[PDB]
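For reference, the chain that follows is the form deposited in one PDB entry, supplied as structure tokens.
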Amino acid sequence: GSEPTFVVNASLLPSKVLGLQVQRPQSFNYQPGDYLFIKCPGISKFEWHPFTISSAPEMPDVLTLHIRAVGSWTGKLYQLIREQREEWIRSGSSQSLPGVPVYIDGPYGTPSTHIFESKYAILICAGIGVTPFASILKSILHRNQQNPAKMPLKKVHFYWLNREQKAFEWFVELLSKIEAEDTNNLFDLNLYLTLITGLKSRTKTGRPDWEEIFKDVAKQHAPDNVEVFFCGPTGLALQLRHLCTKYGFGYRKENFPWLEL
């Protein structure tokens, strides 16, 4: 039904995000891109909410979630965590920071995990939609270091769109590490504010020209299959779906209601 466990650490990140570390049960095996449902009895005894696991399964003791405060339950959890921590800076007491019991239900799979069996992949995300791809990019790094022979993936085109510049900070370190360690040019990283991030990669501005992007990527990889993976709003999905048909790219019909405009 679920595993009892605890928040072991947290962070308060820009654009209203709660970075959460949760102790990983001995039984909990997952794949990059998976999500779980979480219950926090302190916020609500009975509600379960889904979040993508932003950590990689290669990381041994903790699971990570990046939860954006957009409403009632997420807003309360953010507030609970902040207030416990604000009381700690004053009191300095262990009593001001009790530890947060939670229950987790998972893992639950998604088709994005099939990136590991693809040759060429496009990854497109908006806002907090980045989280499955954060997990996936980390796991790719672990896998290439541990056993490069065993991975068929030859090129990853990554696109991350944000309304607010400060949101890129959620994963700026992971993206720096990729830039530093990608000697063989596995990754093509693209950041769009809809270097500028302090990365080698220049933050671009406006809505990407998806027709031009897809055209270029099709030329790079023809006549092979390219797989498109997406986590964003529906108006964008419609555009991408049309373009996948036009260029013969793999598409999964999925919707992400928490990312709508």
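Rigid core here is just the name for the largest C-alpha set that superposes within 1.5 Å across the two forms. Residues carry their position along the shown sequence, with the first being 1.
Q | Extent of unmodelled deposited sequence, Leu195 relative to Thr194 | A | Gap between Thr194 and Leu195: 10 or more residues without coordinates.
Q) Do the CA atoms of 53-61 or those of 30-38 have the higher mean B-factor in the entry? A) Averaging CA B-factors over each stretch, the winner is 53-61.
Q) On average, which has the higher Cα B-factor in the deposited entry, 164-172 or 91-99? A) In the deposited entry, the stretch with the higher C-alpha B-factor mean is 91-99.
Q: Could you tell me which one of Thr131, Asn190, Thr110, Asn147 shows the highest CA temperature factor in the PDB record?
A: Highest CA B-factor of the listed options: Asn147.
Q) With respect to C-alpha B-factor, does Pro25 fall in the lowest, middle or highest third of the chain as deposited? A) Answer is highest: the recorded C-alpha B-factor places it there.
Q | Chain-wide C-alpha B factor ranking for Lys200, given as lowest, middle or highest third | A | Its C-alpha B-factor, which the entry lists for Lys200, ranks in the highest third among residues of this chain.
Q) What third of the chain, by the recorded C-alpha B-factor, contains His66? A) Lowest third, going by the recorded CA B-factors of the chain.
(Q) Please say which third, lowest, middle or highest, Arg85 falls into when its CA temperature factor is compared across its chain. (A) Tercile = highest for this residue's CA B-factor.
(Q) Considering every modelled residue of the chain and its Cα B-factor in the PDB entry, is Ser139 in the lowest, middle or highest third? (A) Its C-alpha B-factor belongs to the middle third of this chain's values.
As for the form deposited in another entry, it is not shown, yet the points below apply to it.
Q. Which of the listed residues (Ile104, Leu161, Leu77, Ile136) moves its Cα by 2 Å or more between the shown form and the other one when the core is kept in place?
A. Once the cores are aligned, the residue moving by 2 Å or more is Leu161.
(Q) Is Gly248 displaced by at least 2 Å at its C-alpha between the shown form and the other one when the rigid core is overlaid? (A) It does shift by 2 Å or more.
Q) Once the two forms are fit on the core, has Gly235 moved its CA by at least 2 Å between the shown form and the other one? A) Shift of 2 Å or more: yes.
**Q.** Threshold 2 Å Cα movement between the shown form and the other one for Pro41, core superposed
**A.** Shift of 2 Å or more: no.
Q) Relative to what is shown, are the Cα atoms of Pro233 and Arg68 closer or farther apart in that other deposited form, where the gap shifts by 3 Å or more? A) Relative to the displayed form, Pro233 and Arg68 move farther apart in that other deposited form - a change of at least 3 Å between their C-alphas.
Q) If the CA atoms of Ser72 and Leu236 move by 3 Å or more in that other deposited form, do they move toward each other or away, so closer or farther than here? A) Here the pair is closer than in that other deposited form; there, farther apart.
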